[PDB]
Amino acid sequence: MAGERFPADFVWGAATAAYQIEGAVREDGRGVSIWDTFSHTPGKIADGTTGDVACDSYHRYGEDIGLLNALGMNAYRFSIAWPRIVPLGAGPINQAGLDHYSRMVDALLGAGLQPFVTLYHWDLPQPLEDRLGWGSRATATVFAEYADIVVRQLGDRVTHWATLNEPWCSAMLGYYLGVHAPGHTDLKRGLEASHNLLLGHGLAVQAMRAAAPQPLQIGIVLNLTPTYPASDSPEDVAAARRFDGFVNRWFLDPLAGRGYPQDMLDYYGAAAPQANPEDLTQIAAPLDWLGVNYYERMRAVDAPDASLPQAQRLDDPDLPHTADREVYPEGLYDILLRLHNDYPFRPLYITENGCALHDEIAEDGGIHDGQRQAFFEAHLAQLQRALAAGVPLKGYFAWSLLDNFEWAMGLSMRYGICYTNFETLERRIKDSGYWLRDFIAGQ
């Protein structure tokens, strides 16, 4: 395994999110989230499905633990559902929710699985959305409150915490492009949501450190899409830069204490939120790690007629595609080298990486997902290149542990290393899962 070995203390996991797996949407005091409302809105989800049952992991998380162990993982990245903890968003605690996750943490730790807890993976309580949701500063305050409550109960056992998952998605897909909950379609509302998300992050970090019974390792998780111009023309380079600012720098820079990127501010003009010095200070609260969710690159062509940021993807039919994305492993090297050299966050974790395929159970009973195996091998090779470059990477989480409710695509789009039969709830490990098992064991 020359050149293939990762650090002996490397974190090896798989990842999930509460609304995608849990089900039990009305049980044990759970409130209504924006994704309950959105999934039950006609035509918002591709295939008529909802998260009402999903993988039934509310009841079945011991099965999930069994899979993690069968895989020889040493960690599990999962989210806590705010609707189970503070059903009204701003309001009383629901102790049955806290006690469920407490039991789940003890089960994980008992099994030798470090919990990597995401506080916010998109399931905003609907009552908050009724009051503008991420469009309101008050939501930031009450998000920090929620962070406080959870860390008070679980922070004697869970050291590693992420405040938000992918605030670009929450803001832009949820408030600008309308493809995620709550489903609004206004640029200024998306940018305002981005700010309040960032603010909430920063407020929560401070709240968590105060509320914690021991020192924590607190991070945030960002989707990053390395962007490349399709030519070196001024037009295509500028288009690459705008897309890069839209997705990456818009979040990285304020987190890094650099304020919002001025190119973007000027570009958005009227639509840009008002960002006082005080909020930017709070947004840059010191972090102990950064999580990177990596799936794809953007090869950008100028598109003056399109919506902001006026940049279209140029498809490359020479690169392989999965069920829903282009495969470009080298982009993971590039993005990590950029973070290592250009930004201050360290250590880094790959909090998600994975792919969707048209997975089926074969005649023999296995799932022969060689493309997903190759996806992991190629990305893990790039991570070995990045580590050889000095990048302080401390773990890797495959998205996902098991096939699940894939947001607007529903149960139809399978990302698991384990196959989920949605009718019987049986899980079965796919070939890529066995590969990860044996790679991790070998070391």
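The first residue of the sequence shown is number 1, and the count goes up from there.
- Annotation for 111 to 119 versus 247 to 255: the higher mean temperature factor (C-alpha) is found in 247 to 255.
- Looking at mean Cα B-factors across 274 to 282 and 212 to 220, the upper value is held by 274 to 282.
- Out of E352, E166, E235, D106, it is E235 whose C-alpha atom has the highest B-factor in the PDB entry.
- Among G89, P229, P182, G291, the highest C-alpha B-factor recorded in the PDB entry belongs to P229.
- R77: CA B factor lies in the lowest third for its chain, per the PDB record.
- Placement of the Cα temperature factor of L380 within the chain: middle third of the modelled residues, per the deposited record.
- In the PDB entry, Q95 places in the middle third of its chain by CA B-factor.
- The PDB entry assigns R84 a C-alpha temperature factor belonging to the lowest third of its chain's modelled residues.
- When the CA B factors of the chain's modelled residues are split into thirds, the value for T420 lands in the lowest one.
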